[PDB]
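Using PDB author numbering, read the sequence shown as starting at 1 and increasing by one per residue. For every residue, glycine included, the Cβ atom is placed at its ideal position computed from N, Cα and C.
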Amino acid sequence: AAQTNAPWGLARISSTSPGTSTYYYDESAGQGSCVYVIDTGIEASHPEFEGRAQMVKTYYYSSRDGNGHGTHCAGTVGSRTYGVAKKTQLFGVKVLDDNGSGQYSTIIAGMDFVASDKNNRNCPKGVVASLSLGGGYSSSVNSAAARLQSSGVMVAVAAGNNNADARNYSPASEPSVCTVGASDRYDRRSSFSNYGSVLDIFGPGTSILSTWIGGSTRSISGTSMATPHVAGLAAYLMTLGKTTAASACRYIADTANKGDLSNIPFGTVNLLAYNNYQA
Ligand SMILES: [Ca+2]
Numbered sequence: 001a002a003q004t005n006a007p008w009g010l011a012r013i014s015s016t017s018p019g020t021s022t023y024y025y026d027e028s029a030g031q032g033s034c035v036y037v038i039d040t041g042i043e044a045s046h047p048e049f050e051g052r053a054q055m056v057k058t059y060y061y062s063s064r065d066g067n068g069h070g071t072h073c074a075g076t077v078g079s080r081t082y083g084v085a086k087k088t089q090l091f092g093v094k095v096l097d098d099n100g101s102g103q104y105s106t107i108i109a110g111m112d113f114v115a116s117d118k119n120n121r122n123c124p125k126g127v128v129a130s131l132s133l134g135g136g137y138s139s140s141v142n143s144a145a146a147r148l149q150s151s152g153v154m155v156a157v158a159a160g161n162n163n164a165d166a167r168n169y170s171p172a173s174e175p176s177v178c179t180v181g182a183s184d185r186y187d188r189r190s191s192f193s194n195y196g197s198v199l200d201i202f203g204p205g206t207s208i209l210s211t212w213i214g215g216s217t218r219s220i221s222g223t224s225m226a227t228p229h230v231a232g233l234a235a236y237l238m239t240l241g242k243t244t245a246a247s248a249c250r251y252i253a254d255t256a257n258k259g260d261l262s263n264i265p266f267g268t269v270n271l272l273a274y275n276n277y278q279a
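1. Kindly indicate which residue of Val177, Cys73, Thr106, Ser207 has the alpha-carbon position closest to the one of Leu199.
2. Is it a yes or a no for the stretch 23-42 touching the stretch 56-76, going by three-plus beta-carbon pairs under 8 angstroms?
3. Nearest-angstrom Cα distance between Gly110 and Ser130?
4. At the level of alpha carbons, what is the spacing between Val180 and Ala158?
5. Which residue wins for smallest C-alpha separation from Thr255, given the options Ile208, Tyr277, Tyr82?
6. Name the DSSP beta bridge partners of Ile220, please?
7. Contact check, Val114 vs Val153 under 8 angstroms by CB: the rounded distance?
8. Applying the criterion that 16 or more other CB atoms from any shown protein chain within 10 Å of the CB defines a buried residue, is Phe266 buried or exposed?
9. When DSSP labels each residue in this structure, what does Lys118 get in the three-state scheme?
10. Between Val141 and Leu148, is the Cβ-Cβ spacing less than 8 angstroms?
11. Please report how far the alpha carbon of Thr211 lies from the alpha carbon of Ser197, in whole angstroms.
12. Using CA coordinates, which residue listed in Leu209, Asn5, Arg52 is at the minimum distance from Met225?
13. On the DSSP bridge list, what partners appear for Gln3?
14. Candidates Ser15, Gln89, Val93, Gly68: which alpha carbon is nearest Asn99's?
15. Can you tell me whether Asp112 is buried or exposed, with buried defined as 16 or more other CB within 10 angstroms of its CB?
16. Compute the Euclidean distance between the alpha carbons of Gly102 and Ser45, then round it to the nearest angstrom.
17. Work out the CA separation of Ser173 and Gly205 for me, nearest whole Å.
18. Which residues in the same chain as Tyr24 place their Cβ atom closer than 6 angstroms to its Cβ, once the five residues preceding and following it in sequence are excluded?
19. On the three-state DSSP scale, how would you describe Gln149?
20. Look at the Cβ atom of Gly30, then the Cβ atom of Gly78, and state whether they are nearer than 8 angstroms.
21. Using 7 angstroms as the cut-off, classify the Cβ of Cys123 as near or not near the heavy atoms of ligand 1, replying yes or no.
22. In three-state terms, what does DSSP make of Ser262?
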């Protein structure tokens with residue numbers, strides 16, 4: 001399949017070169033997979049989700065995304081126009097309030113929720129979780145992310161936007177999950193992107209167009225935007241039978257565009273998520 005005039009990040013993920021604008025992907029498009037977006041929620045009524053999104057959990061007075069950030073991330077995972085895996089099922093878990101904040105205890109509860117909740121969902125091709133959030137180092141937060149991964153979920157987490165070594169942030173610093181840095185349309189490390197040994201992969205993170213609340217669309221930047229590209233990619237690859245939850249991060253790294261990013265600090269992987277789709 002070919003989507004012309006796609007957001008640059010989608011085009012990037014199916015290309016051996018920067019500077020193109022068509023997204024190429026296998027028509028299966030993540031059908032039969034599921035992606036949990038653990039964030040401020042998802043506006044499920046957005047036409048871009050085509051009925052494939054639903055809220056499954058909140059820790060607040062409402063499951064509504066009153067912020068937009070969760071809706072944007074969900075859009076990059078799986079919206080019809082702005083998404084990597086255009087036929088995946090999206091499940092929203094609202095661990096962040098409408099200000100985009102959340103106590104670590106609530107975030108941890110949300111991760112353990114997903115590990116159980118997948119047993120209540122139909123995801124024959126596999127399960128992914130996208131965590132576009134984080135804070136300072138916490139062994140408890142890392143351990144929760146590790147449990148989620150261990151339970152059979154491909155966990156993708158944001159590296160963070162501190163232009164610093166991600167070893168000092170959680171869940172970014174958890175070794176067993178897939179930690180995602182951000183790049184721009186010119187294959188530069190995004191200026192805010194964290195880096196370091198704990199990073200596993202980079203994805204498009206600067207100036208990313210996706211869904212927003214009120215049935216709208218929006219371009220924003222962050223490792224929060226890179227993460228759902230990788231989560232959607234994992235779901236897409238799992239539907240193709242190319243990988244599994246336990247090995248998707250490794251597979252994505254194995255098959256990534258290598259050595260093509262600029263301003264990657266010595267000791268950080270120079271790997272850019274790539275679907276290796278040959279039309
Ligand atoms: Ca790893």
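The answer reads as follows:
1. As a working note, residue 199 is residue 199 in the sequence shown. Out of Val177, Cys73, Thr106, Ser207, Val177 has the C-alpha closest to the C-alpha of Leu199.
2. Counting Cβ pairs under 8 angstroms, three or more are found: they touch.
3. Residue 110 sits at position 110 when you count from the first residue of the sequence shown. Residue 130 sits at position 130 when you count from the first residue of the sequence shown. Taking the straight line joining both Cα atoms gives about 12 angstroms.
4. Mapped onto the sequence shown, residue 180 falls at position 180. Mapped onto the sequence shown, residue 158 falls at position 158. Straight-line Cα distance between these residues: approximately 5 angstroms.
5. As a working mapping, residue 255 is identified with position 255 in the sequence shown. With distances taken between Cα atoms, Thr255 lies closest to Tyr277.
6. Working through the sequence shown from its first residue, we reach residue 220 at position 220. Per DSSP, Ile208.
7. By one-based count along the sequence shown, residue 114 stands at place 114. By one-based count along the sequence shown, residue 153 stands at place 153. The pair is a contact, with the Cβ atoms about 6 angstroms apart (cut-off 8 angstroms).
8. Against the sequence shown, residue 266 aligns to sequence position 266. The residue in question, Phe266, is exposed, as its Cβ has fewer than 16 Cβ neighbours within 10 Å.
9. Numbered from 1 along the sequence shown, position 118 holds the residue referred to as residue 118. Reduced to three states, the DSSP call for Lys118 is helix.
10. The count along the sequence shown starts at 1 and reaches residue 141 at position 141. The count along the sequence shown starts at 1 and reaches residue 148 at position 148. No, Cβ-Cβ distance for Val141 and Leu148 is not below 8 angstroms.
11. For the purposes of this step, residue 211 is taken as residue 211 along the sequence shown, with counting starting at 1. For the purposes of this step, residue 197 is taken as residue 197 along the sequence shown, with counting starting at 1. Within the model, the alpha-carbon separation for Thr211 versus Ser197 is close to 32 angstroms.
12. To locate residue 225, count along the sequence shown from 1; it is residue 225. Checking every option, the nearest Cα to that of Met225 belongs to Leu209.
13. Position 3 of the sequence shown, counted from the first residue, corresponds to residue 3. Its beta-bridge partners are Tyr23.
14. Translated into the one-based positions of the sequence shown, residue 99 becomes position 99. Minimum Cα distance to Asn99 is reached at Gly68.
15. Your numbering for residue 112 matches position 112 in the sequence shown. Exposed.
16. As a working mapping, residue 102 is identified with position 102 in the sequence shown. As a working mapping, residue 45 is identified with position 45 in the sequence shown. So the two alpha carbons sit approximately 24 angstroms from each other.
17. To locate residue 205, count along the sequence shown from 1; it is residue 205. To locate residue 173, count along the sequence shown from 1; it is residue 173. Rounded to the nearest angstrom, the two C-alpha atoms are 19 angstroms apart.
18. The count along the sequence shown starts at 1 and reaches residue 24 at position 24. Hits under 6 angstroms: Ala2, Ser14, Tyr277, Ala279.
19. Within the sequence shown, the letter at position 149 stands for residue 149. It is helical.
20. Working through the sequence shown from its first residue, we reach residue 30 at position 30. Working through the sequence shown from its first residue, we reach residue 78 at position 78. Contact flag set, yes.
21. As a position in the sequence shown, residue 123 is number 123, starting the count at 1. Checking the Cβ of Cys123 against ligand 1 gives no.
22. Your numbering for residue 262 matches position 262 in the sequence shown. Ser262: strand per DSSP, three-state reduction.
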